[PDB]
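Some notes on the structure that comes next.
In the text below, chain A, chain B and the rest are named by the order of the sequence lines, each starting its count at 1.
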Amino acid sequence: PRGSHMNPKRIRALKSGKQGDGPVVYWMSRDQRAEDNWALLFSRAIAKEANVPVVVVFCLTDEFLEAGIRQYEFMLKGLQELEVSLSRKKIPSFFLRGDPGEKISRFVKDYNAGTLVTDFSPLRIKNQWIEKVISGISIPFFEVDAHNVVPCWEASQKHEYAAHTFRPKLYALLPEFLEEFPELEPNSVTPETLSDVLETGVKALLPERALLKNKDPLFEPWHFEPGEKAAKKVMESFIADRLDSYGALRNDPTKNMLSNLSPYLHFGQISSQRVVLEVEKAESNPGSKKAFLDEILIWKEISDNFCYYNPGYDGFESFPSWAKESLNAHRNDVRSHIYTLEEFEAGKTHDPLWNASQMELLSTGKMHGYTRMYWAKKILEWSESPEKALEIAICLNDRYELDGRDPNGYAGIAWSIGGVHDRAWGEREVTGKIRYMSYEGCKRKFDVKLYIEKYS
DNA sequence: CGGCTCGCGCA
DNA sequence: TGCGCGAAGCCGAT
Ligand SMILES: Cc1cc2nc3c(=O)[nH]c(=O)nc-3n(C[C@H](O)[C@H](O)[C@H](O)COP(=O)(O)OP(=O)(O)OC[C@H]3O[C@@H](n4cnc5c(N)ncnc54)[C@H](O)[C@@H]3O)c2cc1C
């Protein structure tokens, strides 16, 4: 649908129709940014061809009640900044509260929209809302993958068993799909308060807040400033100060050598494609660059692959057959310890390294990547059953990670507990052939005592 | 058949 | 710390 720097393979039709006479509406969901946003760029291009303005609509759902203030504030502060950015480009934004299935349909009717565009998420609930909207509108409806460098449905047509099978397919398509972004052109044709939504939601969540004994909150909000501008600064300092040592130190949780981009990536406050462009152009240790690109291209995009092609991505049934057979055989094994959700949540296990990982999670909202593996694997080892382990890990990941409620989290938990995108290892009690990680193993790789002391 | 994102013994 | 091996099941290139 027109454009020159616009690859049509990024866009797909959800519903055909007579293009209406009214504005193009971008139903923003996953990609909460004005810059480097293929969904917003395609929306603007369609609007230009039809000689109509583009408007942005965002629907605040009751979903926020299932997480905490830490995510709600991060997201909403981002959106306050986004509202201003879009304003400068003469793009109005509308913030709706309620079920997207109902509210988006109504908005399209009331505002006499000509075309509807949304960004891409493989999570189940987004597909449900889309199907509801389709039944409620008579205008064309498109979806743009603004989150992946290679559109999810282009990179592969099936569930990929392993990174080693996906890697060649993805890297083959980078020359086509890794490109610079055109600038967002302001609107030429002229056309609820977020402050109030924020106060109302916070009041609702205050009773569920994570607290220490003295009733002082556990969460430290100053580690990550929200919004598009801050995200760019974190990217720049990563490339300048941390990228060089990333390959060597990414698996040492006592060193702050990660990008720290995940909260921003999760809410779409920065484009993965932008990050890849800048890292590609940086002159740094080649090994570090390859390690980083493999994480933000292969592992991030295969997580969308996993959720898109396996709608039971958060269930035991999505595990590979060998892992299901192994875990099933060990269901009756005596566990060395059994903890409840509440005991894991409070960091009251016998294992100080596990407890310190959980304390980093509670206090910062971002557990170091290496201890996330250890953390999830011990939940399998010290729970009543594989289903209960899965349920506990997802519950804590999604409640406390700023970057949670994400394909990466479901794929990472499924790797840790069910061997998805892994292979079988030595046979053990309880965990069977699922890859094992030990306290002693961690001791030989990094200064465990220092991580424990940092987080009590 | 070859090669896949641990623990372990050994410089 | 850095290396090379062991223990495991399967994909996919033929
Ligand atoms: C049990 C478990 C739970 C996880 N929970 C989440 C989660 O809720 N949300 C989430 O986005 N990631 C999650 N991760 C994946 C990974 O730990 C985080 O993306 C990463 O630690 C975020 O830190 P960073 O951006 O500073 O990392 P960097 O090392 O700088 O990583 C760069 C980027 O690469 C991608 N990436 C890196 N590691 C992985 C990985 N294992 N899998 C997928 N993509 C990866 C992410 O987009 C990440 O932000 C989880 C992993 C596991 C094993």
Worksheet item: Hey, does the side chain of A/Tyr370 come within less than 4.0 Å of B/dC6's phosphate (OP1/OP2), counting only N and O?
Response: yes

Worksheet item: Taking A/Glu143 for the side chain and A/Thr118 for the main chain, is one N or O donor matched with an acceptor at less than 3.5 Å?
Response: no

Worksheet item: Any salt bridge between A/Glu35 and A/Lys89, counting N to O under 4.0 Å?
Response: no

Worksheet item: Taking the side chain of A/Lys433 as heavy atoms from C-beta outward, which of B/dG7, B/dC6, C/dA8 is closest to it?
Response: C/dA8

Worksheet, complete the sentence: From CH2 of A/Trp415 across to P of B/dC4 the rounded distance in Å is 16 Å

Discussion item. Could you walk me through whether A/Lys378 and A/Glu381 satisfy the salt bridge (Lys or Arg N to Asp or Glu O under 4.0 Å) test, starting with their C-alpha distance in whole Å, then the side-chain angles of each, then the deciding distance to 0.1 Å, before giving a yes or no?
Written reply: CA-CA 5 Å; A/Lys378 292 317 169 178; A/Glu381 206 179 323; 2.7 Å; yes

Discussion item. Side-chain N or O of A/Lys445 versus OP1/OP2 of B/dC6: is the shortest distance under 4.0 Å?
Written reply: yes

Fill in: Spatial distance of atom CD1 (A/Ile46) from atom CG (A/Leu41) [nearest 0.5 Å]
11.5 Å

Worksheet item: Any donor-acceptor pair under 3.5 Å linking the side chain of A/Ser326 with the backbone of A/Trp322?
Response: no

Discussion item. Rounded to whole Å, how long is the line connecting atom CZ of A/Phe446 with atom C1' of C/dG2?
Written reply: 17 Å

Worksheet entry | Stem segments of DNA chain C by first residue number [Watson-Crick or G-U, under 3.5 Å, at least 3] | B:1-4 with C:9-12, B:6-11 with C:1-6

Worksheet item: When the P atoms of B/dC6 and C/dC11 are considered, how many whole Å apart are they?
Response: 24 Å

Worksheet item: So, is A/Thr165 near the phosphate of C/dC11, with a side-chain N or O under 4.0 Å from OP1 or OP2?
Response: no

Discussion item. Any side-chain to backbone donor/acceptor pair from A/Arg250 onto A/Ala248? Under 3.5 Å, distance only.
Written reply: no

Item to complete: Any chance you could measure A/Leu40, atom CG, to A/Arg33, atom CZ, to the nearest 0.5 Å?
Response: 9.5 Å

Item to complete: Begin with the C-alpha distance, continue with both residues' side-chain angles, and end with the deciding distance and a verdict on side chain to side chain donor-acceptor pair (under 3.5 Å) for A/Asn127 and A/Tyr308.
Response: CA-CA 10 Å; A/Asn127 295 322; A/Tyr308 186 61; over 6 Å; no

Practice prompt. In whole angstrom, give me the gap between the P atoms of C/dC10 and B/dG7.
Written response: 23 Å

Detail all sub-3.5 Å separations between protein N/O atoms and N/O atoms belonging to nucleotides 4-7 of chain C.
unit_1, atom_1, unit_2, atom_2, d
C/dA7, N1, A/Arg423, NH2, 3.1

Worksheet entry | Pucker class of C/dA7, where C1'-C2'-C3'-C4' positive means north and negative means south | south

Worksheet item: Using atom P of each nucleotide, how far apart are C/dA8 and B/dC1 to the nearest Å?
Response: 22 Å

Worksheet item: Would you call the sugar of C/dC11 north or south from its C1'-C2'-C3'-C4' torsion?
Response: south

Practice prompt. Inspect the surroundings of CD in A/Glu66 and state if more than 12 heavy atoms from other residues, nucleotides or ligands are less than 6.0 Å away.
Written response: no

Practice prompt. Return the value, rounded to whole Å, for the distance between atom CZ of A/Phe319 and atom P of C/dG9.
Written response: 18 Å

Worksheet item: For A/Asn251 and C/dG2, what is the distance between atoms CG and P respectively, to the nearest whole Å?
Response: 12 Å

